[PDB]
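Just one chain follows, in the form deposited in one PDB entry, and it is written as structure tokens.
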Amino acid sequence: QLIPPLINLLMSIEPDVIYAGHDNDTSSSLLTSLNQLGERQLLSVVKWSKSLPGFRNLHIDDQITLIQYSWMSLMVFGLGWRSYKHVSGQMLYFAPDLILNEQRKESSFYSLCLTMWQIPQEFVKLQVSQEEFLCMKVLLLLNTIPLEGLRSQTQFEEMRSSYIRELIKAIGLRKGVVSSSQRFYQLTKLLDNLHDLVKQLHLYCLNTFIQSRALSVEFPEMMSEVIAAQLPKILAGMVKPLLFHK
């Protein structure tokens, strides 16, 4: 085998296809369908984390916290991948039954789609491999901690270092001390920049949630709890984002 066993393991634990449940055209039905997709994505991330090496060994509260912190980040990062893989970055591939092209219009909603659109464009530009993406995804899950830190801070630190090492192996699959180091800068800078992007997504999400009755948008129960319980404190800056570059 020439692909490292951890990257191989990560490949094997990747989620199956997730459908939004959409009727194959208003922003209420769209948001409702995006919310259903959100619920299914959250369930998928939680199940995925049960098989992710190192993660089940963290304190249970740390696990829950890290999944809640990174819910939106992992969704948008997965959106970037699918859009890149299936439509060359030129549509937003939320799910096989929810693909948004030459916009499906004019509002705040479609402005946030253009912000989300930056990530697929960046995957196309950088030509991210699946091996790189899988290691970057675990680092995204581990990319923010509480201000007081985690209960299992030592285990968390070791797990982060292991996957940073695995991203470097991932980068090594394709040559040269200066080019592989430049590419590490570029890939870890993309992760840094996601904090600023995801902040815009969290804000719109929480606003939309608190006026959901007025907008006629149904918010499923599991994702409502992450939104209700975490997004206010996150938006307020009551968490510590982790950066690779000062």
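If you superpose the two forms and keep the largest set of C-alpha atoms that fall within 1.5 Å, you have the rigid core. Residues that one form lacks are left out of the comparison. Numbering starts at 1 and follows the sequence shown.
This protein has a second form, the form solved in complex with a partner chain, left out of what is shown; the following refers to that one.
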Heavy atoms within 4.5 Å of its partner chain in the entry with it bound: does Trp71 have any? yes
If we define contact as a non-hydrogen atom of the residue within 4.5 angstroms of the partner, is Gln63 a contact of its partner chain in the entry with it bound? yes
Determine whether any heavy atom of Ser49 comes within 4.5 Å of a heavy atom of its partner chain in the entry with it bound, and answer yes or no. yes
Indicate whether its partner chain has at least one heavy atom within 4.5 Å of a heavy atom of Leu43 in the entry with it bound. yes
Taking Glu39, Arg56 and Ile67 as a possible spot, do all three reach its partner chain in the entry with it bound with a heavy atom inside 4.5 Å? yes
Rigid core superposed, CA of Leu235 - does it shift 2 Å or more between the shown form and the other one? yes
Rigid core fit then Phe184 CA moved by 2 Å or more between the shown form and the other one: no
Once the core is aligned, does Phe209 move its Cα by at least 2 Å between the shown form and the other one? yes
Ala229 to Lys47, Cα distance in the entry with it bound relative to here: closer or farther, by 3 Å or more? farther
Given that the CA-CA distance for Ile119 and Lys233 shifts by 3 Å or more in the entry with it bound, does it become closer or farther? closer
Where exactly does the backbone move between the shown form and the other one? Looking for runs of 3+ consecutive residues, each with a CA shift of 2 angstroms or more after core alignment. 105-108, 209-214, 223-237
